[PDB]
Structures are given as structure tokens and as C-alpha cells.
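Dropping upload17.pdb in here (PDB, C-alpha atoms and all ligand atoms):
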ATOM      1  CA  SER D   1     145.164  -5.015 -12.553  1.00  0.00           C
ATOM      2  CA  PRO D   2     141.403  -5.270 -11.837  1.00  0.00           C
ATOM      3  CA  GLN D   3     139.877  -2.570 -14.033  1.00  0.00           C
ATOM      4  CA  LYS D   4     137.560  -0.241 -12.152  1.00  0.00           C
ATOM      5  CA  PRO D   5     135.021   1.718 -14.230  1.00  0.00           C
ATOM      6  CA  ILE D   6     133.159   4.610 -12.570  1.00  0.00           C
ATOM      7  CA  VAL D   7     130.930   7.522 -13.452  1.00  0.00           C
ATOM      8  CA  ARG D   8     131.454  10.726 -11.518  1.00  0.00           C
ATOM      9  CA  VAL D   9     127.991  12.157 -11.018  1.00  0.00           C
ATOM     10  CA  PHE D  10     127.769  15.822 -10.132  1.00  0.00           C
ATOM     11  CA  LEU D  11     124.953  15.786  -7.625  1.00  0.00           C
ATOM     12  CA  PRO D  12     122.553  18.682  -6.890  1.00  0.00           C
ATOM     13  CA  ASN D  13     124.049  21.711  -5.116  1.00  0.00           C
ATOM     14  CA  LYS D  14     127.190  21.308  -7.248  1.00  0.00           C
ATOM     15  CA  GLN D  15     128.424  18.311  -5.309  1.00  0.00           C
ATOM     16  CA  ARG D  16     129.603  15.077  -6.868  1.00  0.00           C
ATOM     17  CA  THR D  17     129.439  11.392  -6.121  1.00  0.00           C
ATOM     18  CA  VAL D  18     130.962   8.738  -8.356  1.00  0.00           C
ATOM     19  CA  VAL D  19     129.250   5.423  -8.980  1.00  0.00           C
ATOM     20  CA  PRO D  20     131.124   2.400 -10.404  1.00  0.00           C
ATOM     21  CA  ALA D  21     129.790   1.735 -13.873  1.00  0.00           C
ATOM     22  CA  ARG D  22     127.290  -1.008 -13.229  1.00  0.00           C
ATOM     23  CA  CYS D  23     126.891  -3.254 -16.263  1.00  0.00           C
ATOM     24  CA  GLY D  24     123.334  -4.457 -16.626  1.00  0.00           C
ATOM     25  CA  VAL D  25     122.304  -1.619 -14.368  1.00  0.00           C
ATOM     26  CA  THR D  26     120.362   1.471 -15.283  1.00  0.00           C
ATOM     27  CA  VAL D  27     120.970   5.075 -14.317  1.00  0.00           C
ATOM     28  CA  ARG D  28     118.083   4.408 -11.955  1.00  0.00           C
ATOM     29  CA  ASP D  29     119.944   1.995  -9.669  1.00  0.00           C
ATOM     30  CA  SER D  30     123.364   3.552  -9.939  1.00  0.00           C
ATOM     31  CA  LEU D  31     122.172   7.087  -9.398  1.00  0.00           C
ATOM     32  CA  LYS D  32     119.778   5.718  -6.780  1.00  0.00           C
ATOM     33  CA  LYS D  33     122.837   5.382  -4.561  1.00  0.00           C
ATOM     34  CA  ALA D  34     124.173   8.712  -5.788  1.00  0.00           C
ATOM     35  CA  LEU D  35     121.105  10.682  -4.693  1.00  0.00           C
ATOM     36  CA  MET D  36     120.437   8.620  -1.563  1.00  0.00           C
ATOM     37  CA  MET D  37     123.957   9.183  -0.194  1.00  0.00           C
ATOM     38  CA  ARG D  38     123.273  12.902  -0.172  1.00  0.00           C
ATOM     39  CA  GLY D  39     119.876  12.207   1.309  1.00  0.00           C
ATOM     40  CA  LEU D  40     118.115  12.979  -1.947  1.00  0.00           C
ATOM     41  CA  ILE D  41     115.822  10.957  -4.176  1.00  0.00           C
ATOM     42  CA  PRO D  42     116.148  10.055  -7.891  1.00  0.00           C
ATOM     43  CA  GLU D  43     112.418  10.705  -8.191  1.00  0.00           C
ATOM     44  CA  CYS D  44     112.607  14.487  -8.297  1.00  0.00           C
ATOM     45  CA  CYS D  45     116.048  14.552  -9.894  1.00  0.00           C
ATOM     46  CA  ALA D  46     117.156  14.364 -13.539  1.00  0.00           C
ATOM     47  CA  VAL D  47     120.289  13.015 -15.120  1.00  0.00           C
ATOM     48  CA  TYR D  48     122.159  15.068 -17.663  1.00  0.00           C
ATOM     49  CA  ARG D  49     125.583  14.970 -19.168  1.00  0.00           C
ATOM     50  CA  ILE D  50     127.484  17.594 -21.068  1.00  0.00           C
ATOM     51  CA  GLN D  51     128.534  16.644 -24.564  1.00  0.00           C
ATOM     52  CA  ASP D  52     129.856  18.955 -27.316  1.00  0.00           C
ATOM     53  CA  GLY D  53     129.709  22.152 -25.274  1.00  0.00           C
ATOM     54  CA  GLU D  54     126.077  21.288 -24.631  1.00  0.00           C
ATOM     55  CA  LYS D  55     123.662  19.287 -22.530  1.00  0.00           C
ATOM     56  CA  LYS D  56     122.229  15.900 -23.280  1.00  0.00           C
ATOM     57  CA  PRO D  57     119.473  14.593 -20.972  1.00  0.00           C
ATOM     58  CA  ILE D  58     119.848  10.995 -19.860  1.00  0.00           C
ATOM     59  CA  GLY D  59     117.228   8.307 -19.394  1.00  0.00           C
ATOM     60  CA  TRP D  60     116.861   6.365 -16.165  1.00  0.00           C
ATOM     61  CA  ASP D  61     116.747   3.091 -18.088  1.00  0.00           C
ATOM     62  CA  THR D  62     120.068   3.838 -19.744  1.00  0.00           C
ATOM     63  CA  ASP D  63     122.820   1.315 -18.997  1.00  0.00           C
ATOM     64  CA  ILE D  64     125.271   3.329 -16.923  1.00  0.00           C
ATOM     65  CA  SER D  65     128.183   1.242 -18.206  1.00  0.00           C
ATOM     66  CA  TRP D  66     127.935   3.122 -21.508  1.00  0.00           C
ATOM     67  CA  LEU D  67     128.328   6.350 -19.576  1.00  0.00           C
ATOM     68  CA  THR D  68     131.667   5.277 -18.103  1.00  0.00           C
ATOM     69  CA  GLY D  69     134.484   7.748 -18.597  1.00  0.00           C
ATOM     70  CA  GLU D  70     131.992  10.607 -18.383  1.00  0.00           C
ATOM     71  CA  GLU D  71     131.098  13.066 -15.656  1.00  0.00           C
ATOM     72  CA  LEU D  72     127.386  13.330 -15.131  1.00  0.00           C
ATOM     73  CA  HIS D  73     125.325  15.994 -13.404  1.00  0.00           C
ATOM     74  CA  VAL D  74     121.872  15.780 -11.881  1.00  0.00           C
ATOM     75  CA  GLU D  75     119.239  18.467 -12.328  1.00  0.00           C
ATOM     76  CA  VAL D  76     116.675  18.926  -9.575  1.00  0.00           C
ATOM     77  CA  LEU D  77     113.197  18.650 -11.058  1.00  0.00           C
ATOM     78  CA  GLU D  78     111.309  20.795  -8.578  1.00  0.00           C
ATOM     79  CA  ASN D  79     107.692  19.690  -8.870  1.00  0.00           C
ATOM     80  CA  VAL D  80     106.965  19.123  -5.220  1.00  0.00           C
ATOM     81  CA  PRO D  81     103.329  19.095  -3.972  1.00  0.00           C
ATOM     82  CA  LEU D  82     103.677  22.541  -2.440  1.00  0.00           C
TER      83      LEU D  82
HETATM   84  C1  LIG P   1     134.723   1.716  -7.199  1.00  0.00           C
HETATM   85  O1  LIG P   1     135.683   1.799  -6.130  1.00  0.00           O
HETATM   86  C2  LIG P   1     135.291   2.684  -5.156  1.00  0.00           C
HETATM   87  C3  LIG P   1     136.113   2.878  -4.049  1.00  0.00           C
HETATM   88  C4  LIG P   1     135.718   3.750  -3.031  1.00  0.00           C
HETATM   89  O2  LIG P   1     136.480   4.001  -1.919  1.00  0.00           O
HETATM   90  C5  LIG P   1     137.702   3.254  -1.936  1.00  0.00           C
HETATM   91  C6  LIG P   1     134.513   4.436  -3.101  1.00  0.00           C
HETATM   92  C7  LIG P   1     134.142   5.274  -2.036  1.00  0.00           C
HETATM   93  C8  LIG P   1     132.845   6.092  -1.954  1.00  0.00           C
HETATM   94  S1  LIG P   1     132.569   7.076  -0.535  1.00  0.00           S
HETATM   95  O3  LIG P   1     132.466   6.186   0.717  1.00  0.00           O
HETATM   96  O4  LIG P   1     133.762   8.030  -0.364  1.00  0.00           O
HETATM   97  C9  LIG P   1     131.023   8.051  -0.749  1.00  0.00           C
HETATM   98  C10 LIG P   1     131.255   9.118  -1.633  1.00  0.00           C
HETATM   99  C11 LIG P   1     132.009   8.946  -2.801  1.00  0.00           C
HETATM  100  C12 LIG P   1     132.317  10.041  -3.607  1.00  0.00           C
HETATM  101  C13 LIG P   1     131.877  11.311  -3.238  1.00  0.00           C
HETATM  102  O5  LIG P   1     132.226  12.463  -3.900  1.00  0.00           O
HETATM  103  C14 LIG P   1     133.017  12.206  -5.072  1.00  0.00           C
HETATM  104  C15 LIG P   1     131.116  11.476  -2.096  1.00  0.00           C
HETATM  105  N1  LIG P   1     130.736  12.718  -1.805  1.00  0.00           N
HETATM  106  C16 LIG P   1     129.926  13.036  -0.623  1.00  0.00           C
HETATM  107  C17 LIG P   1     129.778  14.557  -0.533  1.00  0.00           C
HETATM  108  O6  LIG P   1     130.731  15.243  -0.960  1.00  0.00           O
HETATM  109  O7  LIG P   1     128.719  15.000  -0.043  1.00  0.00           O
HETATM  110  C18 LIG P   1     130.796  10.388  -1.291  1.00  0.00           C
HETATM  111  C19 LIG P   1     133.699   4.250  -4.220  1.00  0.00           C
HETATM  112  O8  LIG P   1     132.549   4.975  -4.268  1.00  0.00           O
HETATM  113  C20 LIG P   1     131.803   4.703  -5.453  1.00  0.00           C
HETATM  114  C21 LIG P   1     134.079   3.379  -5.245  1.00  0.00           C
END

Represent the structure contained in this file as C-alpha cells.
Amino acid sequence: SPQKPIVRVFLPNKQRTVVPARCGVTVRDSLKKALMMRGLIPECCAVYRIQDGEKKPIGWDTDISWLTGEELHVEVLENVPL
């Protein structure tokens, strides 16, 4: 059976969108869909994932195919020009 890897990203506002683990693709591109589907932007959003009872912040250049099997969650970095 064709193996399907995904990462379930918990979007802002406690929603979630899953993105198929893209090999050779960064959190940037994968999450780019994730945010954009909600109408949000990866610019003012951060990627975190919970490890041993704690939080580990993720880098946008991180190959998302390592993060397969995990549930992610994005943290809104509110630094708007307001
Ligand atoms: C890899 O194989 C897939 C098969 C799919 O289908 C057969 C979808 C399908 C996606 S989709 O068209 O359902 C848009 C989508 C997906 C998940 C969501 O939450 C978990 C939301 N949440 C939106 C909200 O709640 O605001 C939106 C896929 O997506 C990556 C992957």
C-alpha cells in the first residue's frame, strides 16, 4: 500500500490542518499551505511542537519529513505594524 506520511499541524485559534510530510521541503513550504488554507500567513506565525511534556520551537528551514508522526502547533507571533 502506498505509504502516506503527514504532519498534523495545530493551526492558530486551536484549529488543525495536516500537511503530507514533504521530503526535501521545509516547514516553510509545508506550513505555507497550512497557514494559507486558514487565510493566515507563515510570516507572523511560529512553528512549535510538544516533546517531553514541553515545547520545542521549530525552524522554517527544517525538513518537515523528519517531523512526520508528530502533531505540530503554530504560535501567532503578533508583531503587526499597529
Ligand atoms: C495526504 O493525503 C491527503 C488526503 C486528503 O483528503 C483525501 C487531504 C485533504 C485536505 S482538506 O481538503 O480536507 C483541507 C484541510 C485538511 C485538514 C484540516 O483539518 C485537519 C483542515 N481544516 C480546515 C479547518 O478546520 O479550518 C482542512 C489531505 O490534506 C493534506 C491529504

Quick one: residues within 12 Å of residue 56 in chain D, all atoms listed in the file counted, chain neighbours fewer than 3 positions away excluded, as a ChimeraX atom specification?
/D:46-53,59,67,72-75

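The residue that comes closest to ligand LIG 1 (chain P), out of D:45, D:31, D:37, D:23 and on the basis of all atoms listed in the file, is D:37.
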
- Can you tell me which residues come within 8 Å of ligand LIG 1 (chain P) when counting all atoms listed in the file, ideally as number ranges by chain? D: 4-6, 8-9, 15-20, 37-38

Keeping only C-alpha atoms, write those residues as a short mmCIF file (atom, residue, chain, number, x, y, z; two decimals), in the frame of the given file.
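Below is the file that was written, part_24.cif:
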data_model
loop_
_atom_site.label_atom_id
_atom_site.label_comp_id
_atom_site.auth_asym_id
_atom_site.auth_seq_id
_atom_site.Cartn_x
_atom_site.Cartn_y
_atom_site.Cartn_z
CA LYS D 4 137.56 -0.24 -12.15
CA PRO D 5 135.02 1.72 -14.23
CA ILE D 6 133.16 4.61 -12.57
CA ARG D 8 131.45 10.73 -11.52
CA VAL D 9 127.99 12.16 -11.02
CA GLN D 15 128.42 18.31 -5.31
CA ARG D 16 129.60 15.08 -6.87
CA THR D 17 129.44 11.39 -6.12
CA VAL D 18 130.96 8.74 -8.36
CA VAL D 19 129.25 5.42 -8.98
CA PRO D 20 131.12 2.40 -10.40
CA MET D 37 123.96 9.18 -0.19
CA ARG D 38 123.27 12.90 -0.17
#

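Of note, CA of residue 55 in chain D and CA of residue 81 in chain D are spaced 27.5 Å apart.
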
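Of note, CA of residue 41 in chain D and CA of residue 78 in chain D are spaced 11.7 Å apart.
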
Translate the PyMOL selection byres (((chain D and resi 62) around 8) and not hetatm) into a concrete residue list for this structure, as a VMD selection string.
chain D and resid 25 to 27 58 to 61 63 to 64
